[PDB]
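Visitor: Contents are compact mmCIF, C-alpha atoms and all ligand atoms; file name coords_1.txt:
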```txt
# COMPACT_ATOMS: atom_id res chain seq x y z
CA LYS B 1 4.80 -7.32 36.33
CA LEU B 2 3.04 -4.01 35.67
CA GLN B 3 5.72 -2.94 33.20
CA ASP B 4 5.48 -6.16 31.18
CA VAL B 5 1.78 -5.82 30.36
CA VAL B 6 2.47 -2.26 29.18
CA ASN B 7 5.40 -3.50 27.10
CA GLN B 8 3.32 -6.22 25.44
CA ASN B 9 0.52 -3.73 24.72
CA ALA B 10 2.97 -1.25 23.19
CA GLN B 11 4.67 -3.96 21.14
CA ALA B 12 1.31 -5.18 19.82
CA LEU B 13 0.29 -1.67 18.78
CA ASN B 14 3.67 -0.91 17.21
CA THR B 15 3.68 -4.17 15.24
CA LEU B 16 0.15 -3.40 14.06
CA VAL B 17 1.20 0.04 12.83
CA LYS B 18 4.40 -1.29 11.24
CA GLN B 19 2.35 -3.83 9.30
CA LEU B 20 0.63 -0.96 7.46
CA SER B 21 3.62 -0.04 5.28
CA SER B 22 3.97 -3.35 3.47
CA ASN B 23 2.97 -4.57 0.03
CA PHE B 24 0.94 -7.78 0.22
CA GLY B 25 1.71 -8.64 -3.39
CA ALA B 26 0.57 -5.19 -4.45
CA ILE B 27 2.68 -2.89 -6.61
CA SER B 28 2.77 -0.31 -3.80
CA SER B 29 2.05 -0.03 -0.08
CA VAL B 30 0.14 3.28 -0.13
CA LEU B 31 -3.50 3.35 -1.24
CA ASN B 32 -3.05 6.85 -2.61
CA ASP B 33 -0.20 5.75 -4.85
CA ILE B 34 -2.05 2.78 -6.38
CA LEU B 35 -5.10 4.92 -7.11
CA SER B 36 -2.95 7.53 -8.81
CA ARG B 37 -1.02 5.03 -10.90
CA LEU B 38 -3.89 2.70 -11.85
CA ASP B 39 -7.36 2.88 -13.37
CA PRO B 40 -10.11 1.45 -11.10
CA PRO B 41 -10.63 -1.85 -13.07
CA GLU B 42 -6.97 -2.75 -12.45
CA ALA B 43 -6.75 -0.74 -9.24
CA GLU B 44 -9.22 -3.05 -7.48
CA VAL B 45 -6.88 -5.98 -8.16
CA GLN B 46 -4.20 -4.46 -5.93
CA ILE B 47 -6.61 -2.89 -3.44
CA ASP B 48 -8.17 -6.27 -2.67
CA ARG B 49 -4.73 -7.68 -1.84
CA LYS O 1 17.13 8.45 -24.64
CA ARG O 2 16.95 9.97 -21.17
CA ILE O 3 14.27 12.66 -20.83
CA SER O 4 14.49 15.05 -17.88
CA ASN O 5 13.52 18.56 -16.78
CA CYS O 6 10.57 19.01 -19.15
CA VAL O 7 6.80 19.18 -18.81
CA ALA O 8 5.30 16.07 -20.41
CA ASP O 9 1.76 16.02 -21.81
CA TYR O 10 0.21 12.64 -22.60
CA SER O 11 -2.82 14.18 -24.31
CA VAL O 12 -0.92 15.63 -27.28
CA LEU O 13 0.67 12.26 -28.07
CA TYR O 14 -2.65 10.44 -27.64
CA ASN O 15 -4.56 12.86 -29.88
CA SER O 16 -1.64 12.81 -32.33
CA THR O 17 -2.09 9.28 -33.68
CA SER O 18 -4.08 6.07 -33.24
CA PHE O 19 -1.11 3.90 -32.29
CA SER O 20 -1.31 0.22 -33.21
CA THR O 21 -0.27 -1.06 -29.76
CA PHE O 22 -0.63 1.41 -26.90
CA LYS O 23 -0.60 0.06 -23.36
CA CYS O 24 0.73 1.21 -19.98
CA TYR O 25 1.37 -1.62 -17.53
CA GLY O 26 2.21 -0.01 -14.20
CA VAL O 27 0.60 3.34 -15.03
CA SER O 28 -2.83 4.56 -16.08
CA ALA O 29 -2.66 6.16 -19.51
CA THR O 30 -5.04 8.99 -18.60
CA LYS O 31 -3.58 9.81 -15.17
CA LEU O 32 -0.15 10.67 -16.61
CA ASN O 33 -0.85 14.40 -16.36
CA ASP O 34 -1.42 14.27 -12.60
CA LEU O 35 1.66 12.31 -11.55
CA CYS O 36 5.38 13.08 -11.74
CA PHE O 37 7.99 10.46 -12.67
CA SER O 38 11.74 10.89 -12.37
CA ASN O 39 14.13 10.17 -15.24
CA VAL O 40 11.89 8.72 -17.93
CA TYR O 41 13.67 6.60 -20.54
CA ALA O 42 12.57 6.22 -24.16
CA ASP O 43 13.56 3.11 -26.12
CA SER O 44 13.09 3.19 -29.89
CA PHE O 45 13.13 0.35 -32.39
CA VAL O 46 11.50 -1.11 -35.50
CA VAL O 47 10.08 -4.65 -35.62
CA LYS O 48 7.66 -6.52 -37.81
CA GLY O 49 4.02 -6.35 -36.78
CA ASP O 50 4.16 -9.93 -35.50
CA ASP O 51 6.96 -8.94 -33.11
CA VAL O 52 5.00 -6.12 -31.44
CA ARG O 53 3.06 -8.43 -29.12
CA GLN O 54 6.31 -10.02 -27.94
CA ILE O 55 7.28 -6.67 -26.39
CA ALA O 56 5.79 -7.30 -22.94
CA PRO O 57 6.95 -8.36 -19.47
CA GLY O 58 6.97 -12.10 -18.84
CA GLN O 59 6.68 -13.02 -22.53
CA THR O 60 9.12 -15.20 -24.48
CA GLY O 61 9.93 -14.86 -28.18
CA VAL O 62 12.95 -14.76 -30.45
CA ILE O 63 13.21 -10.99 -30.01
CA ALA O 64 12.55 -11.39 -26.28
CA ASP O 65 14.90 -14.38 -26.20
CA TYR O 66 17.82 -12.52 -27.78
CA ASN O 67 17.04 -8.87 -28.58
CA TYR O 68 14.81 -7.08 -26.06
CA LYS O 69 13.73 -8.56 -22.72
CA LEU O 70 11.44 -6.21 -20.84
CA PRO O 71 11.72 -6.19 -17.05
CA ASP O 72 8.88 -8.05 -15.35
CA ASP O 73 8.57 -5.08 -12.98
CA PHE O 74 8.62 -2.57 -15.87
CA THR O 75 6.36 0.41 -15.25
CA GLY O 76 5.43 2.61 -18.19
CA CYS O 77 3.81 2.65 -21.60
CA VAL O 78 4.52 1.04 -24.96
CA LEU O 79 3.40 2.86 -28.12
CA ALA O 80 3.57 1.19 -31.53
CA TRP O 81 2.37 2.30 -34.95
CA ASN O 82 2.42 0.94 -38.49
CA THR O 83 5.19 2.25 -40.76
CA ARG O 84 4.83 0.24 -43.98
CA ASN O 85 4.51 3.27 -46.27
CA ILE O 86 7.76 5.03 -45.33
CA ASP O 87 9.96 2.04 -44.48
CA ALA O 88 8.89 -0.80 -46.78
CA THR O 89 9.80 -0.76 -50.48
CA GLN O 90 9.16 -3.04 -53.45
CA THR O 91 12.78 -4.13 -53.90
CA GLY O 92 13.18 -4.91 -50.21
CA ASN O 93 14.35 -3.15 -47.05
CA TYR O 94 17.08 -5.07 -45.22
CA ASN O 95 18.54 -2.27 -43.09
CA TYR O 96 16.25 -3.19 -40.19
CA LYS O 97 17.64 -6.43 -38.77
CA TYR O 98 17.19 -8.60 -35.69
CA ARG O 99 19.31 -11.02 -33.67
CA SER O 100 17.65 -14.30 -34.64
CA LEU O 101 19.93 -16.32 -32.33
CA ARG O 102 22.45 -15.55 -29.59
CA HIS O 103 24.61 -17.38 -27.05
CA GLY O 104 22.33 -16.80 -24.09
CA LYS O 105 19.58 -14.40 -23.04
CA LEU O 106 20.14 -10.71 -22.42
CA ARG O 107 19.22 -9.10 -19.12
CA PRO O 108 16.23 -6.74 -18.93
CA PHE O 109 16.88 -3.37 -20.59
CA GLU O 110 20.11 -4.36 -22.35
CA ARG O 111 21.62 -3.83 -25.80
CA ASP O 112 23.56 -6.47 -27.75
CA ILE O 113 25.78 -5.56 -30.70
CA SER O 114 28.14 -8.50 -31.36
CA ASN O 115 28.12 -9.49 -35.04
CA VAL O 116 29.73 -12.94 -35.27
CA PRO O 117 28.15 -16.14 -36.67
CA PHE O 118 26.30 -18.10 -34.00
CA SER O 119 27.00 -21.67 -32.91
CA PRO O 120 24.35 -23.90 -31.28
CA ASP O 121 27.28 -25.59 -29.55
CA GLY O 122 28.41 -22.20 -28.24
CA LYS O 123 32.02 -23.08 -28.98
CA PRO O 124 33.60 -21.19 -31.89
CA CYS O 125 32.42 -22.47 -35.27
CA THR O 126 33.90 -22.14 -38.71
CA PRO O 127 31.64 -20.22 -41.13
CA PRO O 128 31.64 -23.07 -43.70
CA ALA O 129 30.49 -25.69 -41.18
CA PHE O 130 26.82 -26.03 -40.27
CA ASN O 131 27.63 -24.96 -36.70
CA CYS O 132 28.01 -21.29 -37.73
CA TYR O 133 24.72 -19.56 -38.56
CA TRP O 134 24.35 -15.79 -38.75
CA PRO O 135 22.48 -14.45 -35.69
CA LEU O 136 21.84 -11.05 -37.23
CA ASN O 137 19.00 -11.55 -39.71
CA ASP O 138 16.42 -9.29 -41.32
CA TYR O 139 12.81 -9.70 -42.41
CA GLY O 140 12.23 -9.21 -46.11
CA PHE O 141 10.33 -5.92 -46.03
CA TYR O 142 8.07 -5.22 -49.01
CA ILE O 143 5.22 -2.86 -49.78
CA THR O 144 3.11 -5.93 -50.63
CA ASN O 145 3.89 -7.51 -47.24
CA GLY O 146 1.05 -8.33 -44.89
CA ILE O 147 0.45 -6.05 -41.93
CA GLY O 148 2.21 -8.53 -39.66
CA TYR O 149 5.25 -8.54 -41.92
CA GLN O 150 4.80 -4.81 -42.49
CA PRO O 151 7.22 -2.78 -40.35
CA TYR O 152 6.07 -1.27 -37.07
CA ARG O 153 7.77 1.47 -35.09
CA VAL O 154 7.75 1.09 -31.31
CA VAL O 155 8.68 3.57 -28.57
CA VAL O 156 8.76 2.39 -24.95
CA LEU O 157 8.49 5.00 -22.20
CA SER O 158 9.74 3.72 -18.85
CA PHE O 159 9.02 5.89 -15.80
CA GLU O 160 10.97 5.58 -12.57
CA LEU O 161 8.12 6.27 -10.15
CA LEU O 162 8.82 7.97 -6.81
CA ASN O 163 12.48 6.89 -6.67
CA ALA O 164 13.71 10.44 -5.97
CA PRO O 165 12.46 14.02 -6.42
CA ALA O 166 10.92 13.97 -9.89
CA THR O 167 12.46 16.22 -12.53
CA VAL O 168 9.80 15.28 -15.11
CA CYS O 169 6.37 16.60 -14.15
CA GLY O 170 3.17 16.69 -16.17
CA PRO O 171 1.35 19.93 -16.94
CA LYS O 172 -0.56 21.11 -13.88
CA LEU O 173 -1.20 24.48 -12.24
CA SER O 174 0.22 25.21 -8.81
CA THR O 175 -1.96 27.07 -6.32
CA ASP O 176 -1.34 29.17 -3.23
CA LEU O 177 -0.26 27.56 0.03
CA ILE O 178 -2.92 27.14 2.73
CA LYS O 179 -2.18 26.41 6.39
CA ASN O 180 -4.28 25.49 9.47
CA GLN O 181 -6.99 23.96 7.24
CA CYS O 182 -7.51 20.26 6.66
CA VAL O 183 -6.95 20.30 2.91
CA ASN O 184 -5.84 18.14 0.02
CA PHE O 185 -2.24 18.44 -1.13
CA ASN O 186 -0.18 17.20 -4.08
CA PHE O 187 3.52 17.90 -3.52
CA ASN O 188 5.26 16.77 -6.73
CA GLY O 189 3.14 13.62 -6.82
CA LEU O 190 2.79 13.22 -3.03
CA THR O 191 -1.00 13.21 -2.99
CA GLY O 192 -2.59 13.26 0.44
CA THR O 193 -5.09 14.76 2.85
CA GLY O 194 -4.22 16.72 5.96
CA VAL O 195 -3.25 19.94 7.69
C1 LIG Z 201 4.62 14.86 -35.50
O1 LIG Z 201 4.36 15.89 -34.60
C2 LIG Z 201 3.20 16.65 -34.97
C3 LIG Z 201 3.03 17.71 -33.91
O2 LIG Z 201 2.85 17.14 -32.63
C4 LIG Z 201 1.95 15.77 -35.14
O3 LIG Z 201 1.06 16.51 -35.98
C5 LIG Z 201 -0.18 16.85 -35.36
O4 LIG Z 201 -1.21 15.95 -35.75
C6 LIG Z 201 -2.51 16.25 -35.20
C7 LIG Z 201 -3.44 15.15 -35.65
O5 LIG Z 201 -2.81 14.30 -36.60
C8 LIG Z 201 -2.95 17.63 -35.64
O6 LIG Z 201 -4.20 17.95 -35.03
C9 LIG Z 201 -1.91 18.67 -35.25
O7 LIG Z 201 -2.27 19.95 -35.76
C10 LIG Z 201 -0.54 18.27 -35.79
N1 LIG Z 201 0.48 19.22 -35.37
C11 LIG Z 201 1.00 20.15 -36.18
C12 LIG Z 201 0.48 20.17 -37.58
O8 LIG Z 201 1.86 20.94 -35.79
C13 LIG Z 201 2.21 14.42 -35.82
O9 LIG Z 201 1.15 13.52 -35.53
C14 LIG Z 201 3.53 13.82 -35.37
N2 LIG Z 201 3.85 12.63 -36.15
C15 LIG Z 201 3.76 11.39 -35.66
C16 LIG Z 201 3.30 11.27 -34.24
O10 LIG Z 201 4.03 10.40 -36.34
```
For this file, produce the structure as structure tokens.

Guide:
Amino acid sequence: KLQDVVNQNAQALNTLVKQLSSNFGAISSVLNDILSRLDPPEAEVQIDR
Amino acid sequence: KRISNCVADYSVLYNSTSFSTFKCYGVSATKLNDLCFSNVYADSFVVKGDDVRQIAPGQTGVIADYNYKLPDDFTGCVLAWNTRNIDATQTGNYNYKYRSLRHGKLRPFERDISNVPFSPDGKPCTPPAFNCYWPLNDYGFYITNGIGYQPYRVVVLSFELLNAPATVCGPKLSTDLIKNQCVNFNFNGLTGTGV
């Protein structure tokens, strides 16, 4: 019973972190990359997503 | 044309000429100097001024339908300038031709060369019958032509961004390496902050 709460906590945190590296419709999944490749007027379009 | 292992400066090409149609879709035109792209491709052709707009992702037109379909995910710039003075002539320039019709649509970034009369049926046609019509057609190019009918020369630069280590890097100055300090870094386009 003690191990299961730890496992669910760890799985929640790991899923949270894994969700970071994922395009949500954006051209890229790294904020740095989108800024480098796009001017702010069309950068905000991806950053909002 | 594949372009590799060379320092590429956007500024010289931008100061060189006021291009008729200059737009970068997946890239910022100004930020080209900062970033590195691997294996840039250059595609060259000549189309009438009306055709220039058709060169775009997710856009349909006779040239797009049969001649040049850009990828919808295409990342790079398109540069186009007027070329009436050197190409067009009074008698008529018919060297530059286009595939008016074709049995199907070409895939993105593909070249079609077949020179056989087209059939709307798609089955073989005899040239005398109305089924056969020549796909390969040319615009009558004249000096007196309107700017839309006047020839335009278009070069499309496609950059493969971050696929692999980038052989093509813009002109920037490397600096000395600093350790144990939380600093900015740009390793061949890998911009970031850290120690
Ligand atoms: C052909 O290449 C040359 C060199 O890049 C371009 O000529 C330059 O044009 C600018 C402005 O028109 C001048 O300031 C430079 O001095 C020129 N370079 C020279 C004389 O060496 C020319 O624009 C290019 N032709 C094109 C792009 O059609």

Visitor: Expressed in Å to a single decimal, how great is the separation between CA of residue 162 in chain O and CA of residue 40 in chain O?

Guide: 11.6 Å

Visitor: Considering only C-alpha atoms, extract the chain B residues located within 8 Å of chain O and return them as a ChimeraX atom specification.

Guide: /B:32-33,36-39

Visitor: Once you have the residues from the selection above, write them out as a compact mmCIF listing (two decimals), keeping the file's coordinate frame, restricted to C-alpha atoms.

Guide:
```
# COMPACT_ATOMS: atom_id res chain seq x y z
CA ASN B 32 -3.05 6.85 -2.61
CA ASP B 33 -0.20 5.75 -4.85
CA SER B 36 -2.95 7.53 -8.81
CA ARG B 37 -1.02 5.03 -10.90
CA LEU B 38 -3.89 2.70 -11.85
CA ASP B 39 -7.36 2.88 -13.37
```

Visitor: Counting all atoms listed in the file, what are the residues, protein, DNA or RNA alike, that approach ligand LIG 201 (chain Z) to within 9 Å? I want them as a CSV table (one decimal) with C-alpha atoms, keeping the file's coordinate frame.

Guide:
```
chain,number,residue,atom,x,y,z
O,12,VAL,CA,-0.9,15.6,-27.3
O,13,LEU,CA,0.7,12.3,-28.1
O,14,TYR,CA,-2.6,10.4,-27.6
O,15,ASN,CA,-4.6,12.9,-29.9
O,16,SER,CA,-1.6,12.8,-32.3
O,17,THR,CA,-2.1,9.3,-33.7
O,18,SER,CA,-4.1,6.1,-33.2
O,19,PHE,CA,-1.1,3.9,-32.3
O,81,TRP,CA,2.4,2.3,-35.0
```

Visitor: Could you check the closest approach to residue 6 in chain O for each of O:109, O:130, O:168, O:177 and tell me which residue wins, using only C-alpha atoms?

Guide: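 The closest residue to residue 6 in chain O is O:168.
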
Visitor: Using only C-alpha atoms, find the one residue out of O:67, O:91, O:119, O:5 that sits nearest to residue 103 in chain O.

Guide: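 Selected residue with least distance to residue 103 in chain O: O:119.
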
Visitor: Within 8 Å of residue 96 in chain O, counting all atoms listed in the file, which residues qualify if same-chain residues fewer than 4 places away don't, as a list in words?

Guide: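 Everything that qualifies: residues 46, 47, 138 and 139 of chain O.
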
Visitor: May I have the residues within 9 Å of range 27-31 of chain B as JSON, numbers by chain, using only C-alpha atoms and disregarding those fewer than 3 positions away in the same chain?

Guide: {"B": [20, 21, 22, 23, 24, 34, 35, 36, 46, 47], "O": [26, 73]}

Visitor: Kindly give the distance, in Å, that separates CA of residue 124 in chain O and CA of residue 64 in chain O, rounded to a single decimal.

Guide: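 Straight-line distance from CA of residue 124 in chain O to CA of residue 64 in chain O works out to 23.9 Å.
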
Visitor: Just checking: using all atoms listed in the file, which residue out of O:158, O:59, O:11, O:150 ends up closest to residue 83 in chain O?

Guide: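 Closest to residue 83 in chain O of all the choices is O:150.
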